[PDB]
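Protein chains in written order, with the authors' numbering: chain M, 12 to 119; chain B, 12 to 119; chain A, 12 to 119; chain E, 2 to 213; chain P, 2 to 213; chain C, 2 to 213. The beta carbon of each residue, even a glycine, is placed where N, CA and C say it ideally should be.
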Amino acid sequence: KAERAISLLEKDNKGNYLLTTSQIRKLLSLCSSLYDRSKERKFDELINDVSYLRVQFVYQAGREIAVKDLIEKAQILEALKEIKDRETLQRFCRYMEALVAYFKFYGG
Amino acid sequence: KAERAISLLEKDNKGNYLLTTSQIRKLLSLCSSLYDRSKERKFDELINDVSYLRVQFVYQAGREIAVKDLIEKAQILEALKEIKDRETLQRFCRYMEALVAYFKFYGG
Amino acid sequence: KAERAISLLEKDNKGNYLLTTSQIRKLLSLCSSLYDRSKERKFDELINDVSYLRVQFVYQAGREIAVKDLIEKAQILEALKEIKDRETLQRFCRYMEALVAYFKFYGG
Amino acid sequence: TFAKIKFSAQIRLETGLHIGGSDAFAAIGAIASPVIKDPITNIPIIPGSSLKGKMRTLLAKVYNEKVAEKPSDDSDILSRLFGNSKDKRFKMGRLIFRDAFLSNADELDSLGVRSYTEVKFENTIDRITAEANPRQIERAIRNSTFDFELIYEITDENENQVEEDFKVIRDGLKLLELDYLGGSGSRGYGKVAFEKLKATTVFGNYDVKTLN
Amino acid sequence: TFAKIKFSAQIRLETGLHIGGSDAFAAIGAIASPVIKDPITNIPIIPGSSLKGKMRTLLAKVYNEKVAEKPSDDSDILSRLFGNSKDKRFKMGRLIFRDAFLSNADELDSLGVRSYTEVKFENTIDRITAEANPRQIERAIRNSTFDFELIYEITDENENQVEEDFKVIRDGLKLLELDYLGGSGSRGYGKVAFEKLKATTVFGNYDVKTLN
Amino acid sequence: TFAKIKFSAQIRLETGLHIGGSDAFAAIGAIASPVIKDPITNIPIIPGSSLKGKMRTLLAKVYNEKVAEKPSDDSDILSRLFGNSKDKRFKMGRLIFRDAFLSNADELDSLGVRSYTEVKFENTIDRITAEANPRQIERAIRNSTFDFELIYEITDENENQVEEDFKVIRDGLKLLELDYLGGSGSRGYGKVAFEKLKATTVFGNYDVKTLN
RNA sequence: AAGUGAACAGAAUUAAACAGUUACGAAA
Numbered sequence: 012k013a014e015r016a017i018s019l020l021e022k023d024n025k026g027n028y029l030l031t032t033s034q035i036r037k038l039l040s041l042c043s044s045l046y047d048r049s050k051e052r053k054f055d056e057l058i059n060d061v062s063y064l065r066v067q068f069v070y071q072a073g074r075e076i077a078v079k080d081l082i083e084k085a086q087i088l089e090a091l092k093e094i095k096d097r098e099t100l101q102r103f104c105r106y107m108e109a110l111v112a113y114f115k116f117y118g119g
Numbered sequence: 012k013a014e015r016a017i018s019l020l021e022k023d024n025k026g027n028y029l030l031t032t033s034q035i036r037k038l039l040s041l042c043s044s045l046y047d048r049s050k051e052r053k054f055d056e057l058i059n060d061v062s063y064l065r066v067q068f069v070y071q072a073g074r075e076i077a078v079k080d081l082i083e084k085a086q087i088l089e090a091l092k093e094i095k096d097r098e099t100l101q102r103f104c105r106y107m108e109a110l111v112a113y114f115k116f117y118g119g
Numbered sequence: 012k013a014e015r016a017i018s019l020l021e022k023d024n025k026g027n028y029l030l031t032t033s034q035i036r037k038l039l040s041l042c043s044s045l046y047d048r049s050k051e052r053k054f055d056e057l058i059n060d061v062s063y064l065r066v067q068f069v070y071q072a073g074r075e076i077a078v079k080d081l082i083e084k085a086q087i088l089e090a091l092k093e094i095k096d097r098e099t100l101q102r103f104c105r106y107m108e109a110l111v112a113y114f115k116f117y118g119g
Numbered sequence: 002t003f004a005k006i007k008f009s010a011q012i013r014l015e016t017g018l019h020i021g022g023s024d025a026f027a028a029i030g031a032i033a034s035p036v037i038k039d040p041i042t043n044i045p046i047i048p049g050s051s052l053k054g055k056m057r058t059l060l061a062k063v064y065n066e067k068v069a070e071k072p073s074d075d076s077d078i079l080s081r082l083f084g085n086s087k088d089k090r091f092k093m094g095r096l097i098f099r100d101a102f103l104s105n106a107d108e109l110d111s112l113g114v115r116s117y118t119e120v121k122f123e124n125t126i127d128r129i130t131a132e133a134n135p136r137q138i139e140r141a142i143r144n145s146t147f148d149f150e151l152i153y154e155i156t157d158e159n160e161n162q163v164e165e166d167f168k169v170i171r172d173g174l175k176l177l178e179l180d181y182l183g184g185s186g187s188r189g190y191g192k193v194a195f196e197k198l199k200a201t202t203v204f205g206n207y208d209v210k211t212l213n
Numbered sequence: 002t003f004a005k006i007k008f009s010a011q012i013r014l015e016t017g018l019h020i021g022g023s024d025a026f027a028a029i030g031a032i033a034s035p036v037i038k039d040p041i042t043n044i045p046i047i048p049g050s051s052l053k054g055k056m057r058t059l060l061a062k063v064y065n066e067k068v069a070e071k072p073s074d075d076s077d078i079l080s081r082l083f084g085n086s087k088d089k090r091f092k093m094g095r096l097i098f099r100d101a102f103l104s105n106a107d108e109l110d111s112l113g114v115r116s117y118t119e120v121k122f123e124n125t126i127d128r129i130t131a132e133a134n135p136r137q138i139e140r141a142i143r144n145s146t147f148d149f150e151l152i153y154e155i156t157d158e159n160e161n162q163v164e165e166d167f168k169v170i171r172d173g174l175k176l177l178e179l180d181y182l183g184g185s186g187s188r189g190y191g192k193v194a195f196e197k198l199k200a201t202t203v204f205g206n207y208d209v210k211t212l213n
Numbered sequence: 002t003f004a005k006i007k008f009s010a011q012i013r014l015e016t017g018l019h020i021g022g023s024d025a026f027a028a029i030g031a032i033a034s035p036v037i038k039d040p041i042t043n044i045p046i047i048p049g050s051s052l053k054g055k056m057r058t059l060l061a062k063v064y065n066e067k068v069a070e071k072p073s074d075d076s077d078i079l080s081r082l083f084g085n086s087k088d089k090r091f092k093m094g095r096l097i098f099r100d101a102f103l104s105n106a107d108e109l110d111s112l113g114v115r116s117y118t119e120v121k122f123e124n125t126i127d128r129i130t131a132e133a134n135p136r137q138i139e140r141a142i143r144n145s146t147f148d149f150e151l152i153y154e155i156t157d158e159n160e161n162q163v164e165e166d167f168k169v170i171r172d173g174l175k176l177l178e179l180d181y182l183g184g185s186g187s188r189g190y191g192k193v194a195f196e197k198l199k200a201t202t203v204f205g206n207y208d209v210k211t212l213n
């Protein structure tokens, strides 16, 4: 969960990351707004946001080169299909924070 | 919705798609301006835009061979008749993003 | 445990510390809310707060310069891996209180 | 003698305002000015401390004859409405607010919204260069109701000044609509509007005379 | 004593402008800087933060005696109108703006319109070569109005120069009509036009002097 | 000291040119590049963005001595009129354009016309084969006026090149008349004519200096 | 039929971060 996220994210390519934490505030705004809402009501009620959450990881993956190189390595699209329960969705929301905190640990 | 769209859009013919994002800037504007307007007022009031959306898939479909081959495979004209309610129209607007996000995943 | 906290924390660099006790109320809120809760239930049950505690020492380490210089000297990330038992976690909760008492004695 | 008058109203936000919540205490999204919400659910709630301090501020500048140097010490006609910490005659006030919650969730989900609070992008100019320090804030939705209940009670002895106190509460609520509420309202974010201003009796000991 | 003067006006847009909303935060269409709109409906509303930073900038360059270098520090005749982060005499501002909403929707559909926002094709040429980087923008509608309200109030003591403040607000609003408002209005996008500039009294404590 | 000089002129189109505006956005058919018109009505309007990149390109060849490649990187006597994205001294521009609307429709429709934009039939020859590619374009009317106002303002402090700025604007507008404006101007479609070039004062702070 | 990939910087800062009227009341 958090042990394998410190080594896979560091192993990249050329240094000096030109991507900051402000240009990726589109695909990260729905994951933070879903964990706090799924803990109140049930999971079978919110059906319009689950299908729309997967689109953000595909539409934004062909408009920037600093996005496709991170999804294929961290395997984001694979975890979007295994989830199906409300308790399982809570685990994927905590793993997304590892790709943001550890990303600015070596630079910004 | 989003699971069957990743396989049907990929299965095409010859590679190197000539249909870029320039020739699709006409039919993708009315769909984006429909989901955000149908949620305010009622569906029975907007009558000049529902019938006008079907005309774009008939007149503009015969101007290029690279248009009819995508409508018949994605089944766009079939869903234009089943919709009749404001809640049903919101479902068809989310399916349009699958033909744009997944289209640039393999090329552009 | 508490004897080396008076020499390692005092040996720093330039005087007049600009960091007070109000800007560090984020990473010090989960340490006090963990020692008083791990004694009731078992340690194998709370699996969501343990992984989230390490995130606070990573996201807040790359934003302020007054955070990275303290974690590398006090070895905070090193003690997060040795702990694994409920009795061992009780010792780490007492070491954090030593870095705050001696910090306000020399300044604020 | 002793009654419990309740002034039930619906606070309709004609303009999205901002309320500074508990910074550096929430989750990973503690930036962009975190707005305080519900500690259990996600429905944004408005605190009652910002209402008692703002209503008394606008009231202590038109119904007085001396500049207030320190709190809990200004005139006397309004000190018994909110309280007084330096007076020896009266201590407990006669106005009790309530942390109103967003009760507009019965029809907000039907319109299909993204989130309860959005993030607005702003910046500033140093009057010597172009864009500098790209900051960001957080606001709420527009046209949202709130269940606001005013707990009013008399001390039996203060019975000959009932009609005089009604014109003060009505003047304070109407004047509050023409001023920003919360925080960062200088740019035009506050300005509330009390909708459906009515009164009722719960304990049942005093007649019903006022309404609007 | 304490009055609430309201300067009701209609901001008529003689030319469609562009305002950069929340980037990377929209819904179905987030291409070429999505313009900020209403969090409930779809009618694009103008933010009140642009009316405070632009009007103060254009006024601090004609009514001053020293070149300013940082905000909240320019002359003194206009510091009490917007605010001051250094002076201890006054902190709150006497001018309160409001997010003006588009009230022209009651008759806009009768003229036969398509949508509220359109995509304008505007790129650039690198001189040495042909077309390079075919970018685009997103503008609003043309010939639209906005119900803007200016909440003005005095602090009792600020009474011996009420007429001096009226000529400053009137000159500031008239000067804004001959300048672009919003963002990237250098290509002829802004240029507002304040229509029906009148004044009224809501609280009722001061007489009516100005009107046009 | 600080005035708002307005240059009111009438752009007369001697030949129906073509400007590639927001294409693929017409009524019942976007054929042959639909010319951008009014977003509310149907009167064709000219965009003000085309008058900024073409006038600056035709001017950055005579008032300078260094052939530049990227804009906002040339000299200094001409970069202030349009802006500079590198210099720290000045950032904003002093010239404000305006989307001029076709004001000639008040008397042209009385004569009896069909539409405002027609379709011209053209073709091309590859000089190796016969006639092929039956293409077509869309042009406008002939001899039409427009309301183009140039808003100019000084910064009071840097008031020295007053007479120097007059000879640049006058020469820039005269040189544009002898050159095509817009796209596809190689077959003799552009060539505008600024009729009635005058100046006036709207604010009221500086006397009328220039005129012709 | 006709190469179309909005480009490049700052990623929230400088005040103020417990102020006061004050403590076993009447039995063995």
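In terms of DSSP beta bridges, what is residue i paired with?
i, result
"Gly184 of chain C", "C:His19"
"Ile78 of chain C", "DSSP output for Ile78 of chain C lists no bridge partner at all."
"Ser145 of chain P", "P:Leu14"
Quick check on residue i: buried or exposed, where buried means 16 or more other Cβ atoms within 10 Å of its Cβ?
i, result
"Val209 of chain C", "exposed"
"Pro135 of chain E", "exposed"
"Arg90 of chain C", "exposed"
"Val36 of chain E", "buried"
"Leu112 of chain P", "exposed"
"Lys53 of chain P", "buried"
"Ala131 of chain C", "exposed"
"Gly119 of chain B", "exposed"
"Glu139 of chain E", "buried"
Between the beta-carbon of residue i and the beta-carbon of residue j, is there less than 8 angstroms?
i, j, result
"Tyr181 of chain E", "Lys192 of chain E", "yes"
"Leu179 of chain E", "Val163 of chain P", "no"
"residue 120 of chain M", "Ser62 of chain M", "Examination of residue 120 of chain M is not possible in this model, given that chain M is present from 12 through 119 alone."
"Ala10 of chain P", "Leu198 of chain P", "yes"
"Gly22 of chain E", "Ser43 of chain M", "no"
"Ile41 of chain C", "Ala106 of chain C", "no"
"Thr146 of chain P", "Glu108 of chain P", "no"
"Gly49 of chain C", "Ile142 of chain C", "no"
Strictly below 9 angstroms CB to CB, what residues from chain C border residue i?
i, result
"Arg36 of chain B", "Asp24, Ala25 and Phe26"
Interface residues of chain A around residue i at Cβ under 9 angstroms?
i, result
"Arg105 of chain M", "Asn59, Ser62, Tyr63 and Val66"
List the residues of chain M that residue i touches, going by C-beta distances under 7 angstroms, in chain order.
i, result
"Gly30 of chain E", "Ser43"
Note down, in chain order, every chain E residue with its Cβ under 8 angstroms from the Cβ of residue i.
i, result
"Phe3 of chain P", "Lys62 and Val63"
"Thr118 of chain P", "Chain E residues near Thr118 of chain P: none, gap ~18 angstroms exceeds 8 angstroms."
List the residues of chain P that residue i touches, going by C-beta distances under 7 angstroms, in chain order.
i, result
"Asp47 of chain B", "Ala28, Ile29 and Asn43"
Could you name the residues of chain A that residue i contacts, counting a contact when the two beta carbons are closer than 7 angstroms?
i, result
"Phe54 of chain M", "Within chain A, no residue comes near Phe54 of chain M; the closest Cβ sits about 18 angstroms away, beyond 7 angstroms."
Starting from the beta carbon of residue i, find every residue of chain P whose beta carbon is closer than 8 angstroms, and list them in chain order.
i, result
"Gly54 of chain C", "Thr125 and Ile126"
Under 9 angstroms between beta-carbons, which chain P residues line up against residue i? List them in chain order, please.
i, result
"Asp166 of chain E", "Result: empty, since nearest Cβ-Cβ is about 20 angstroms, beyond 9 angstroms."
Name, going along the chain, the residues of the stretch 37 to 49 of chain C whose beta-carbon falls closer than 9 angstroms to a beta-carbon of chain P. Taking 9 angstroms as the Cβ-Cβ cut-off against chain P, the residues of the stretch 37 to 49 of chain C that qualify are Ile37, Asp39, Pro40, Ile41, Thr42, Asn43, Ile46, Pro48 and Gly49.
Please identify, using Cβ separations under 8 angstroms, the residues of the stretch 68 to 89 of chain A that lie next to chain M, in order along the chain. The residues in question are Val69, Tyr70, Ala72, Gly73 and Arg74.
Of the residues that make up the stretch 122 to 154 of chain E, which ones have a beta carbon closer than 7 angstroms to any beta carbon in chain A? Residues of the stretch 122 to 154 of chain E with a C-beta atom less than 7 angstroms from some C-beta of chain A do not occur.
With 7 angstroms as the C-beta to C-beta threshold (strictly closer), list the residues of the stretch 92 to 109 of chain C near chain P in chain order. Residues passing the 7 angstroms Cβ filter: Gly94, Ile97, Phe98, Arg99 and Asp100.
Proximal residues, the stretch 199 to 213 of chain P versus chain E, C-beta separation under 9 angstroms: Listed by position, the residues of the stretch 199 to 213 of chain P near chain E (Cβ gap below 9 angstroms) are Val203, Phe204 and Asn206.
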